[PDB]
Each structure stands twice: as C-alpha cells, then as structure tokens.
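Peer 1: Quick one: the structure is below, and I'll ask about it shortly.
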Amino acid sequence: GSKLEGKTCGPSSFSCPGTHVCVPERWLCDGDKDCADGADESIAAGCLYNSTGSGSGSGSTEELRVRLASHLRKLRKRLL
Ligand SMILES: [Ca+2]
C-alpha cells in the first residue's frame with residue numbers, strides 16, 4: 001500500500017481495506033497510514049480510536065495489541 005514492502009497477514013495482521021495488501025497489527029497504531037485510507041491506523045483495523053492518540057488512546061490495551069507485535073512485525077521484516 002504505502003510503506004508496505006511485502007508484509008504478511010498470518011499472525012497479528014490486518015487486511016488493508018480496499019487493497020489486497022495486508023498490514024500487520026503492529027503497524028496499525030504505529031502512527032502512519034500504511035493502508036490506502038489509513039485503515040491500518042483507523043478503527044476499522046482495531047486501533048480503538050483511529051489517529052487520536054497517535055500510538056495510543058483508549059489505554060494500555062491499545063499498545064497491548066500493537067506493542068506485543070513490535071518485536072516481530074516491525075522488529076522483523078526486511079529493512080534493518
Ligand atoms: Ca502503519
């Protein structure tokens with residue numbers, strides 16, 4: 001979609017609405033509309049707020065779904 005260099009949709013992931021592409025759950029509330037319409041950061045993906053709070057909002061739960069994946073999705077792809 002946007003900054004997606006070929007991710008997966010198996011584990012904690014989210015299918016970028018409108019595009020066959022699938023953005024990881026960690027990318028959701030990462031703070032950057034990776035999807036075509038920021039669906040990844042939007043609530044449609046499960047950000048529990050969409051934008052509001054950048055990388056959080058409702059509470060720890062928001063980071064619980066994102067952070068938990070920050071050790072693989074973002075800490076294991078093909079950039080570093
Ligand atoms: Ca993203």
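Each chain of the structure tokens is named A, B, ... in the order shown, its residues numbered from 1; ligands are numbered from 1 in display order.
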Residues within 7 Å of ligand 1 should be enumerated using only C-alpha atoms and all ligand atoms and returned as a PDB file with N, CA, C and O atoms, in the first residue's frame.
Peer 2:
```pdb
ATOM      1  N   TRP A  27       1.636  -2.364  12.871  1.00  0.00           N
ATOM      2  CA  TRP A  27       1.650  -1.193  12.015  1.00  0.00           C
ATOM      3  C   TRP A  27       0.377  -0.372  12.201  1.00  0.00           C
ATOM      4  O   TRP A  27       0.380   0.841  12.003  1.00  0.00           O
ATOM      5  N   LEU A  28      -0.707  -1.040  12.597  1.00  0.00           N
ATOM      6  CA  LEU A  28      -1.993  -0.377  12.818  1.00  0.00           C
ATOM      7  C   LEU A  28      -1.826   0.985  13.483  1.00  0.00           C
ATOM      8  O   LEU A  28      -1.899   2.020  12.824  1.00  0.00           O
ATOM      9  N   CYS A  29      -1.608   0.979  14.790  1.00  0.00           N
ATOM     10  CA  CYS A  29      -1.446   2.217  15.540  1.00  0.00           C
ATOM     11  C   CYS A  29       0.019   2.628  15.648  1.00  0.00           C
ATOM     12  O   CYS A  29       0.436   3.197  16.658  1.00  0.00           O
ATOM     13  N   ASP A  30       0.794   2.360  14.603  1.00  0.00           N
ATOM     14  CA  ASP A  30       2.202   2.730  14.597  1.00  0.00           C
ATOM     15  C   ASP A  30       2.345   4.240  14.426  1.00  0.00           C
ATOM     16  O   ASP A  30       3.344   4.832  14.832  1.00  0.00           O
ATOM     17  N   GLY A  31       1.327   4.856  13.826  1.00  0.00           N
ATOM     18  CA  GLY A  31       1.341   6.288  13.614  1.00  0.00           C
ATOM     19  C   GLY A  31       1.674   6.669  12.185  1.00  0.00           C
ATOM     20  O   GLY A  31       2.413   7.625  11.950  1.00  0.00           O
ATOM     21  N   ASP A  32       1.131   5.924  11.228  1.00  0.00           N
ATOM     22  CA  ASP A  32       1.383   6.200   9.817  1.00  0.00           C
ATOM     23  C   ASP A  32       0.445   5.397   8.922  1.00  0.00           C
ATOM     24  O   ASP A  32       0.569   4.182   8.813  1.00  0.00           O
ATOM     25  N   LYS A  33      -0.494   6.086   8.282  1.00  0.00           N
ATOM     26  CA  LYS A  33      -1.453   5.432   7.399  1.00  0.00           C
ATOM     27  C   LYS A  33      -0.752   4.613   6.323  1.00  0.00           C
ATOM     28  O   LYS A  33      -0.427   5.121   5.249  1.00  0.00           O
ATOM     29  N   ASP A  34      -0.528   3.337   6.621  1.00  0.00           N
ATOM     30  CA  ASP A  34       0.127   2.436   5.683  1.00  0.00           C
ATOM     31  C   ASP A  34      -0.848   1.994   4.599  1.00  0.00           C
ATOM     32  O   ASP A  34      -0.460   1.769   3.453  1.00  0.00           O
ATOM     33  N   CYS A  35      -2.119   1.876   4.970  1.00  0.00           N
ATOM     34  CA  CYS A  35      -3.152   1.467   4.031  1.00  0.00           C
ATOM     35  C   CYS A  35      -3.432   2.580   3.032  1.00  0.00           C
ATOM     36  O   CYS A  35      -2.769   3.617   3.037  1.00  0.00           O
ATOM     37  N   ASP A  40      -5.301   1.078   8.497  1.00  0.00           N
ATOM     38  CA  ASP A  40      -4.413   0.428   9.451  1.00  0.00           C
ATOM     39  C   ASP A  40      -4.367   1.222  10.757  1.00  0.00           C
ATOM     40  O   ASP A  40      -4.408   0.647  11.843  1.00  0.00           O
ATOM     41  N   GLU A  41      -4.308   2.546  10.645  1.00  0.00           N
ATOM     42  CA  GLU A  41      -4.286   3.407  11.828  1.00  0.00           C
ATOM     43  C   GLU A  41      -5.705   3.731  12.279  1.00  0.00           C
ATOM     44  O   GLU A  41      -5.924   4.147  13.417  1.00  0.00           O
TER      45      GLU A  41
END
```
Peer 1: Give the strand (DSSP E) residues of chain A, as assigned by DSSP on the backbone, as a list in words.
Peer 2: residues 13, 14, 15, 22, 23 and 24 of chain A
Peer 1: Using DSSP on the backbone coordinates, identify all residues within chain A classified as alpha helix (DSSP H); present the result as a list in words.
Peer 2: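 DSSP on the backbone gives alpha helix (DSSP H) at residues 25, 26, 27, 28, 60, 61, 62, 63, 64, 65, 66 and 67 of chain A.
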Peer 1: Using C-alpha atoms, can you write the selected residues to a file as a PDB file, in the first residue's frame?
Peer 2:
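As written to disk, part_23.pdb reads:
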```pdb
ATOM      1  CA  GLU A  25      -1.353  -5.238  13.679  1.00  0.00           C
ATOM      2  CA  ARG A  26       1.838  -3.596  14.930  1.00  0.00           C
ATOM      3  CA  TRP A  27       1.650  -1.193  12.015  1.00  0.00           C
ATOM      4  CA  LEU A  28      -1.993  -0.377  12.818  1.00  0.00           C
ATOM      5  CA  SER A  60      -2.581   0.229  27.532  1.00  0.00           C
ATOM      6  CA  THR A  61      -4.866  -2.169  25.660  1.00  0.00           C
ATOM      7  CA  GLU A  62      -4.142  -0.158  22.520  1.00  0.00           C
ATOM      8  CA  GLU A  63      -0.410  -0.709  22.962  1.00  0.00           C
ATOM      9  CA  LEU A  64      -1.029  -4.270  24.127  1.00  0.00           C
ATOM     10  CA  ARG A  65      -2.189  -5.234  20.632  1.00  0.00           C
ATOM     11  CA  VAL A  66       0.444  -3.116  18.887  1.00  0.00           C
ATOM     12  CA  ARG A  67       3.498  -3.231  21.171  1.00  0.00           C
TER      13      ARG A  67
END
```
Peer 1: Show which residues sit within 12 Å of segment 17-20 of chain A, as an MDAnalysis selection string. Count only C-alpha atoms, and ignore same-chain residues fewer than 6 positions away.
Peer 2: chainID A and resid 1:2 4 6:9 33:45
Peer 1: How would the residues just chosen look if you wrote them out with N, CA and C atoms as a PDB file, in the first residue's frame?
Peer 2:
```pdb
ATOM      1  N   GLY A   1       0.827  -1.240   0.000  1.00  0.00           N
ATOM      2  CA  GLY A   1       0.000   0.000   0.000  1.00  0.00           C
ATOM      3  C   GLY A   1       0.841   1.261   0.000  1.00  0.00           C
ATOM      4  N   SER A   2       1.244   1.701   1.188  1.00  0.00           N
ATOM      5  CA  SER A   2       2.057   2.904   1.321  1.00  0.00           C
ATOM      6  C   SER A   2       3.519   2.548   1.583  1.00  0.00           C
ATOM      7  N   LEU A   4       4.437  -0.380   2.762  1.00  0.00           N
ATOM      8  CA  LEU A   4       4.461  -1.834   2.853  1.00  0.00           C
ATOM      9  C   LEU A   4       5.371  -2.426   1.781  1.00  0.00           C
ATOM     10  N   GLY A   6       5.926  -5.597   1.236  1.00  0.00           N
ATOM     11  CA  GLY A   6       5.610  -7.009   1.154  1.00  0.00           C
ATOM     12  C   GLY A   6       5.522  -7.667   2.514  1.00  0.00           C
ATOM     13  N   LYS A   7       4.464  -7.355   3.253  1.00  0.00           N
ATOM     14  CA  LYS A   7       4.266  -7.926   4.579  1.00  0.00           C
ATOM     15  C   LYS A   7       3.428  -9.198   4.500  1.00  0.00           C
ATOM     16  N   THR A   8       2.984  -9.681   5.655  1.00  0.00           N
ATOM     17  CA  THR A   8       2.173 -10.890   5.714  1.00  0.00           C
ATOM     18  C   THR A   8       0.832 -10.613   6.384  1.00  0.00           C
ATOM     19  N   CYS A   9      -0.037 -11.618   6.395  1.00  0.00           N
ATOM     20  CA  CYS A   9      -1.357 -11.477   7.003  1.00  0.00           C
ATOM     21  C   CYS A   9      -1.667 -12.652   7.931  1.00  0.00           C
ATOM     22  N   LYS A  33      -0.494   6.086   8.282  1.00  0.00           N
ATOM     23  CA  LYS A  33      -1.453   5.432   7.399  1.00  0.00           C
ATOM     24  C   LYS A  33      -0.752   4.613   6.323  1.00  0.00           C
ATOM     25  N   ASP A  34      -0.528   3.337   6.621  1.00  0.00           N
ATOM     26  CA  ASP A  34       0.127   2.436   5.683  1.00  0.00           C
ATOM     27  C   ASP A  34      -0.848   1.994   4.599  1.00  0.00           C
ATOM     28  N   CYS A  35      -2.119   1.876   4.970  1.00  0.00           N
ATOM     29  CA  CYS A  35      -3.152   1.467   4.031  1.00  0.00           C
ATOM     30  C   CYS A  35      -3.432   2.580   3.032  1.00  0.00           C
ATOM     31  N   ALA A  36      -4.422   2.359   2.177  1.00  0.00           N
ATOM     32  CA  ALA A  36      -4.795   3.342   1.175  1.00  0.00           C
ATOM     33  C   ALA A  36      -5.546   4.509   1.807  1.00  0.00           C
ATOM     34  N   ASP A  37      -6.282   4.223   2.878  1.00  0.00           N
ATOM     35  CA  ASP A  37      -7.052   5.250   3.572  1.00  0.00           C
ATOM     36  C   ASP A  37      -6.746   5.261   5.069  1.00  0.00           C
ATOM     37  N   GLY A  38      -5.510   4.925   5.428  1.00  0.00           N
ATOM     38  CA  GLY A  38      -5.127   4.911   6.830  1.00  0.00           C
ATOM     39  C   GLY A  38      -5.955   3.950   7.653  1.00  0.00           C
ATOM     40  N   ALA A  39      -6.569   2.978   6.990  1.00  0.00           N
ATOM     41  CA  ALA A  39      -7.387   1.987   7.675  1.00  0.00           C
ATOM     42  C   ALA A  39      -6.586   1.288   8.766  1.00  0.00           C
ATOM     43  N   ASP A  40      -5.301   1.078   8.497  1.00  0.00           N
ATOM     44  CA  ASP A  40      -4.413   0.428   9.451  1.00  0.00           C
ATOM     45  C   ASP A  40      -4.367   1.222  10.757  1.00  0.00           C
ATOM     46  N   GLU A  41      -4.308   2.546  10.645  1.00  0.00           N
ATOM     47  CA  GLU A  41      -4.286   3.407  11.828  1.00  0.00           C
ATOM     48  C   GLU A  41      -5.705   3.731  12.279  1.00  0.00           C
ATOM     49  N   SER A  42      -6.669   3.534  11.384  1.00  0.00           N
ATOM     50  CA  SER A  42      -8.064   3.801  11.699  1.00  0.00           C
ATOM     51  C   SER A  42      -8.617   2.741  12.638  1.00  0.00           C
ATOM     52  N   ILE A  43      -9.866   2.918  13.044  1.00  0.00           N
ATOM     53  CA  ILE A  43     -10.515   1.975  13.938  1.00  0.00           C
ATOM     54  C   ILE A  43     -10.940   0.723  13.180  1.00  0.00           C
ATOM     55  N   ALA A  44     -11.130   0.869  11.870  1.00  0.00           N
ATOM     56  CA  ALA A  44     -11.519  -0.252  11.023  1.00  0.00           C
ATOM     57  C   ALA A  44     -10.574  -1.431  11.229  1.00  0.00           C
ATOM     58  N   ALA A  45      -9.334  -1.117  11.593  1.00  0.00           N
ATOM     59  CA  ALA A  45      -8.320  -2.132  11.835  1.00  0.00           C
ATOM     60  C   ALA A  45      -8.342  -2.581  13.291  1.00  0.00           C
TER      61      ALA A  45
END
```
Peer 1: When you draw a straight line from atom CA of residue 79 of chain A to atom CA of residue 50 of chain A, how long is it in Å?
Peer 2: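 Result for atom CA of residue 79 of chain A versus atom CA of residue 50 of chain A: 26.1 Å, one decimal.
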Peer 1: Here is a test: counting only C-alpha atoms, which residue of A:68, A:59, A:76, A:5 is nearest to residue 23 of chain A?
Peer 2: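 Closest to residue 23 of chain A of all the choices is A:5.
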Peer 1: Give me, please, the distance in Å between atom CA of residue 24 of chain A and atom CA of residue 3 of chain A, quoted to one decimal.
Peer 2: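 According to the coordinates, atom CA of residue 24 of chain A and atom CA of residue 3 of chain A are separated by 11.8 Å.
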Peer 1: Go ahead and compute the interatomic distance for atom CA of residue 77 of chain A and atom CA of residue 53 of chain A, in Å to one decimal.
Peer 2: 25.4 Å
Peer 1: Compare A:57, A:46, A:71, A:78 by their minimum atom-to-atom distance to residue 16 of chain A, counting only C-alpha atoms, and give me the closest one.
Peer 2: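 Nearest candidate to residue 16 of chain A out of A:57, A:46, A:71, A:78: A:46.
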Peer 1: Nearest residue to residue 14 of chain A out of A:80, A:52, A:72, A:47, using only C-alpha atoms?
Peer 2: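 For residue 14 of chain A, the nearest of the candidates is A:47.
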